[PDB]
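Trainee:
Protein chains: 2
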Amino acid sequence: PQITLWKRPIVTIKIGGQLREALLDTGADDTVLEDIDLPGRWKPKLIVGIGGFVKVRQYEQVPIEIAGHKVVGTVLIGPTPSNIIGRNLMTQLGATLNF
Amino acid sequence: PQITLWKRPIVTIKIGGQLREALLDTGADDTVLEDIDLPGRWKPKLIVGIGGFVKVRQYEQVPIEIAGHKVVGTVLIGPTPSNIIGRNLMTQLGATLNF
Ligand SMILES: CC(C)CN(C[C@@H](O)[C@H](Cc1cc(F)cc(F)c1)NC(=O)O[C@H]1[C@H]2CO[C@H]3OC[C@@H]1[C@H]3C2)S(=O)(=O)c1ccc2nc(NC3CC3)sc2c1
Ligand SMILES: [Cl-]
Numbered sequence: 001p002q003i004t005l006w007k008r009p010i011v012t013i014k015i016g017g018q019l020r021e022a023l024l025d026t027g028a029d030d031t032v033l034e035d036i037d038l039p040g041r042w043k044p045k046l047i048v049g050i051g052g053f054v055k056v057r058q059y060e061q062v063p064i065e066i067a068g069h070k071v072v073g074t075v076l077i078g079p080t081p082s083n084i085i086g087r088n089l090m091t092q093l094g095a096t097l098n099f
Numbered sequence: 001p002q003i004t005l006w007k008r009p010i011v012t013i014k015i016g017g018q019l020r021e022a023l024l025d026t027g028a029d030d031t032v033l034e035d036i037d038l039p040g041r042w043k044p045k046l047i048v049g050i051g052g053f054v055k056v057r058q059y060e061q062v063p064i065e066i067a068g069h070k071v072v073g074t075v076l077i078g079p080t081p082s083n084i085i086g087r088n089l090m091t092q093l094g095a096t097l098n099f
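Chains as they are written, first to last, in PDB author numbering: chain B, 1 to 99; chain A, 1 to 99.
1. Between the beta-carbon of residue 72(A) and the beta-carbon of residue 61(A), is there less than 7 Å?
2. If you reduce the DSSP assignment to three classes, tell me which class residue 93(B) lands in.
3. Contact check, residue 49(B) vs residue 77(A) under 8 Å by CB: the rounded distance?
4. For residue 30(B) and chain A, any beta-carbon pair shorter than 7 Å?
5. Does the Cβ-Cβ distance between residue 66(B) and residue 32(B) come in under 7 Å?
6. Does the Cβ of residue 32(B) lie closer than 6 Å to at least one heavy atom of ligand 1?
7. Put residue 41(B) into one of helix, strand or coil per three-state DSSP.
8. Would DSSP call residue 88(A) helix, strand or coil?
9. For residue 14(A), which option in 70(A), 88(A), 29(A) and 3(A) has the closest C-alpha, if you only look at C-alpha atoms?
10. For the beta strand (DSSP E) that residue 167(B) lies in, which residues bound it at each end?
11. Per DSSP, what kind of secondary structure is residue 5(A) in: helix, strand or coil?
12. Under a three-way DSSP split, which group does residue 83(B) fall into?
13. Answer yes or no: does any C-beta atom of chain B fall closer than 7 Å to that of residue 95(A)?
14. 7 Å is my cut-off, CB to CB: does residue 98(A) come that close to chain B?
15. Examine the Cβ distances between the segment 82-90 of chain A and the segment 14-26 of chain A and report whether three or more of them are shorter than 8 Å.
16. Leaving aside the five residues before and after residue 92(A) along the sequence, list all residues of the same chain whose C-beta is less than 7 Å from its C-beta, in chain order.
17. Against chain B, with Cβ distances strictly below 7 Å, would residue 44(A) count as a contact?
18. Residue 30(B): buried (16+ other C-beta within 10 angstroms of its C-beta) or exposed?
19. Is residue 80(B) buried or exposed, if buried means 16 or more other CB atoms sit within 10 Å of its CB?
20. Applying the 10 Å Cβ sphere with the 16-neighbour rule, what's the burial state of residue 97(A)?
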């Protein structure tokens, strides 16, 4: 799909059998989700945003569906005001910005 | 132009006669720049990112050139780890996400 930016670019995701919404975020290198259970091992990671840092769990090779597209990639789980899909997963969709 | 997302989507801006780089940031409602002098009156504003909040200066009806395109809009000045162009200005470029 093509979307304009008058509204927040929010898409449906399915991850670990959980349905959520998340923002397609070209300003995010990595994908950060708050509200999710993932199985198995993870690595501590500190990430830096506007207004400081948060501690997240890095989960690797997580299967995730973004607006119908199945991809596998790194997901960070931790406090974020908004679930965000980063460039790590949007590149797997072949996503582009046009102006 | 069209750009892919394997790299950060960085563009050149000109604002208040000052040249800078900034991220085209679909996850940002508003535009936030750190390294800038703007003339005249402004309003206190608190904005929330990953890792918390920052106090910014809201400047209204600021002229800004983004990859060649002259627009006028609201600019927030304050601490951000990366200059970000938000949807408030990307809608003026007719920017779209495609996948
Ligand atoms: C600031 C950017 C440069 C980085 N961020 C992405 C932005 O898109 C956020 C998204 C977001 C939207 C929200 F709704 C709420 C939020 F908390 C966050 N936008 C934002 O904060 O916008 C602000 C301001 C703009 O206007 C308004 O709109 C919303 C608010 C408000 C004020 S990030 O989240 O810090 C980020 C993400 C992944 C990541 N991966 C990394 N990789 C590792 C280092 C190797 S570093 C890294 C950093
Ligand atoms: Cl690129």
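Cβ coordinates follow ideal geometry from the N, Cα and C atoms, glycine included.
Mentor: If we stick to the structure as given:
1. Yes.
2. Residue 93(B): helix per DSSP, three-state reduction.
3. So it is not a contact: roughly 18 Å between Cβ atoms.
4. Cβ-Cβ to chain A under 7 Å: no for residue 30(B).
5. The Cβ-Cβ distance between residue 66(B) and residue 32(B) does not fall below 7 Å.
6. Remark: the shortest separation between the CB of residue 32(B) and any heavy atom of ligand 1 falls under 6 Å.
7. Residue state, collapsed to three classes: coil.
8. For residue 88(A), the three-state secondary structure derived from DSSP is helix.
9. Selected option, being the one with the closest Cα: 70(A).
10. Residue coverage of chain B in this structure runs from 1 to 99, which leaves residue 167(B) outside it and unanswerable.
11. The answer is coil: DSSP assigns residue 5(A) none of H, G, I, E or B.
12. Coil at residue 83(B), not helix or strand.
13. Residue 95(A) counts as touching chain B.
14. True, the Cβ-Cβ gap to chain B drops below 7 Å.
15. Segments in contact, yes.
16. Correct list, in chain order: 71 and 73.
17. With respect to chain B, the C-beta atom of residue 44(A) has no partner C-beta closer than 7 Å.
18. Looking at its Cβ environment, which holds 16 or more other Cβ atoms inside 10 Å, residue 30(B) is buried.
19. Around the beta-carbon of residue 80(B), 16 or more other beta-carbon atoms lie within 10 Å, marking it buried.
20. It is buried - the Cβ of residue 97(A) has at least 16 other Cβ atoms within 10 Å.
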